[PDB]
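In what follows, a structure is listed as structure tokens, so that the remarks can point back to it.
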Amino acid sequence: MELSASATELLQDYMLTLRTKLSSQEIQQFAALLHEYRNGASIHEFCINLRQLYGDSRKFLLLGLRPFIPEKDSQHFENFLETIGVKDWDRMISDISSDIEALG
């Protein structure tokens, strides 16, 4: 066996980090992008839109987004992280969470 952390707590952690770096509006925008991604938007468009929303100063946050990306898109996501040089409420939290689970 191995040590692991639940998707729930990880999500909570990532959300707290976002509240640390993003405004309420920006967080809502994040949720909307996540929703579009769940509804069939490509991983590429999702990445681009996230990099646009976060901006150059907050794009590092994308690293912590990694565990929530489906296995099928994980390689593309990693390549995006490498490309951008970063590698190498509760009612809304429920929608975000459901989107996360659905992606998995």
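Going by how many other beta carbons lie within 10 Å of each one, how would you line up 21, 59, fewest first?
Final ranking by Cβ density, sparse to dense: 21, 59.
Which value, in debye to the nearest 20, gives the size of the charge dipole of the chain about its Cα centre, when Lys and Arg are +1 and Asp and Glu are -1 at the Cβ?
The calculation lands at about 320 debye.
At q = 0.19 Å⁻¹, what log₁₀ I(q)/I(0) does a Debye calculation on the Cα points of segment 2-104 give, no solvent, two decimals?
Values returned for q = 0.19 Å⁻¹ are -0.99.
Apply the Karplus parameterisation 6.51 cos²θ - 1.76 cosθ + 1.60, with θ equal to phi minus 60°, to every residue of segment 71-84 and state each ³J(HN,Hα) to the nearest whole Hz, in sequence, with x for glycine and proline.
For segment 71-84, the Karplus curve yields 4, 5, 9, 5, 5, 4, 4, 4, 5, 5, 4, 6, 5, 7 Hz.
PRE reach from residue 76 (point 7 Å along Cα→Cβ): which of segment 14-51 fall under 13 Å by backbone N?
Inside the label zone: 37-49.
How far apart, in nanometres, would the label points at residue 4 and residue 83 be if each is projected 7 angstrom from Cα along the Cα-to-Cβ direction?
3.0 nm
Could you calculate the FRET efficiency of residue 19 with residue 48 from 1/(1 + (r/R0)^6), where r is the beta carbon distance between them and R0 is 22 Å, rounded to 0.05? All intermediate terms of the calculation are to be shown ahead of the outcome.
On the way: r = 23 Å, r/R0 = 1.06.
The value I calculate is 0.40.
Would you calculate a helix-derived [θ] at 222 nm for the chain, using -39,500 (n - 2.57) for each DSSP H run of n ≥ 4 and dividing by the full residue count, to the nearest 500? If you can, show how the numbers build up before the last one.
Details: 6 runs with 70 residues, N = 104.
Result for the chain: -20500 deg cm²/dmol, rounded to the nearest 500.
Throughout, read-outs are computed from the coordinates displayed, never taken from laboratory work. Here Cβ is always computed from backbone atoms with ideal geometry, including for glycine, and neighbour counts include all displayed protein chains.
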